[PDB]
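S.K.: Okay, handing you the structure first.
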Amino acid sequence: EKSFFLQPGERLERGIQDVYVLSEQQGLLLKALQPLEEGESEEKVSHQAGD
Amino acid sequence: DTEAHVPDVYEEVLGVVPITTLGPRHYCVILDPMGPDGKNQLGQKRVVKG
């Protein structure tokens, strides 16, 4: 729910798209393009690069 | 050093170089980088990441 100004030099990647919403029957198959996903979310499992 | 440099009479402006930025998932292979001496170590190539 944040609202800011596009600062000089900043730019949106693909703009304001949506939030990712998944139900019990929905998933998000993710590939960690960078390693060390330790504290990224509540899972606390340190995903490596690309697993 | 100086955020607005006046081209000196003793200097010729070859050009302006944009900053080459490496993302968190990125590396570049710099051909011919200087060592600490400030002299171009040609032929070499230094992988830079992080």
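Identifiers in this document derive from the order of the structure tokens: chains are assigned A, B, ..., residues are numbered from 1 separately in each chain, and ligands are numbered from 1 in order of occurrence.
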Tell me which protein, DNA and RNA residues are within 12 Å of residue 25 in chain B, counting only C-alpha atoms, leaving out same-chain ones fewer than 6 positions away, and put them as a PyMOL selection string.
M.R.: (chain A and resi 32-36+49-50) or (chain B and resi 48-50)
S.K.: What residues in chain B have any atom no more than 10 Å from chain A when counting only C-alpha atoms, and can you write them as JSON, numbers by chain?
M.R.: {"B": [23, 24, 25, 26]}
S.K.: Between A:28, A:3, A:39, A:51, single out the one closest to residue 16 in chain A, counting only C-alpha atoms.
M.R.: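 Closest residue, counting only C-alpha atoms: A:3.
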S.K.: Running DSSP on the backbone, which parts of chain B land in strand (DSSP E), as a list in words?
M.R.: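 Answer for chain B, restricted to strand (DSSP E): residues 27, 28, 29, 30, 31, 45, 46, 47, 48 and 49 of chain B.
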S.K.: Would you work out the distance separating CA of residue 31 in chain A from CA of residue 45 in chain A, expressed in Å to one decimal?
M.R.: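 These atoms are spaced 14.0 Å apart.
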S.K.: For a test of reading the model, state the distance in Å between CA of residue 27 in chain B and CA of residue 41 in chain A, rounded to one decimal.
M.R.: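 Between these atoms lies a distance of 26.0 Å.
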S.K.: Mind pulling up the distance from CA of residue 8 in chain B to CA of residue 33 in chain B?
M.R.: 26.3 Å
S.K.: Just want the 9 Å neighbourhood of residue 44 in chain B, counted on only C-alpha atoms, with same-chain residues fewer than 2 positions away dropped. Output as a PDB file with N, CA and C atoms, in the first residue's frame.
M.R.:
ATOM      1  N   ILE B  30      36.176  -7.787 -17.719  1.00  0.00           N
ATOM      2  CA  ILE B  30      36.830  -6.560 -18.158  1.00  0.00           C
ATOM      3  C   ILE B  30      38.106  -6.915 -18.905  1.00  0.00           C
ATOM      4  N   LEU B  31      38.107  -6.690 -20.213  1.00  0.00           N
ATOM      5  CA  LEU B  31      39.325  -6.854 -20.988  1.00  0.00           C
ATOM      6  C   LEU B  31      40.244  -5.656 -20.776  1.00  0.00           C
ATOM      7  N   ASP B  32      41.519  -5.951 -20.547  1.00  0.00           N
ATOM      8  CA  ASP B  32      42.565  -4.948 -20.369  1.00  0.00           C
ATOM      9  C   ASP B  32      42.311  -3.999 -19.193  1.00  0.00           C
ATOM     10  N   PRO B  33      42.242  -4.513 -17.959  1.00  0.00           N
ATOM     11  CA  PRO B  33      42.068  -3.621 -16.802  1.00  0.00           C
ATOM     12  C   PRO B  33      43.415  -3.241 -16.202  1.00  0.00           C
ATOM     13  N   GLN B  41      46.807  -3.299 -17.926  1.00  0.00           N
ATOM     14  CA  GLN B  41      47.275  -4.667 -18.102  1.00  0.00           C
ATOM     15  C   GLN B  41      46.527  -5.302 -19.264  1.00  0.00           C
ATOM     16  N   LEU B  42      46.986  -5.052 -20.487  1.00  0.00           N
ATOM     17  CA  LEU B  42      46.282  -5.543 -21.660  1.00  0.00           C
ATOM     18  C   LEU B  42      46.332  -7.063 -21.720  1.00  0.00           C
ATOM     19  N   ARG B  46      39.555  -9.571 -16.125  1.00  0.00           N
ATOM     20  CA  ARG B  46      39.181  -9.682 -14.724  1.00  0.00           C
ATOM     21  C   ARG B  46      37.673  -9.829 -14.631  1.00  0.00           C
TER      22      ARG B  46
END
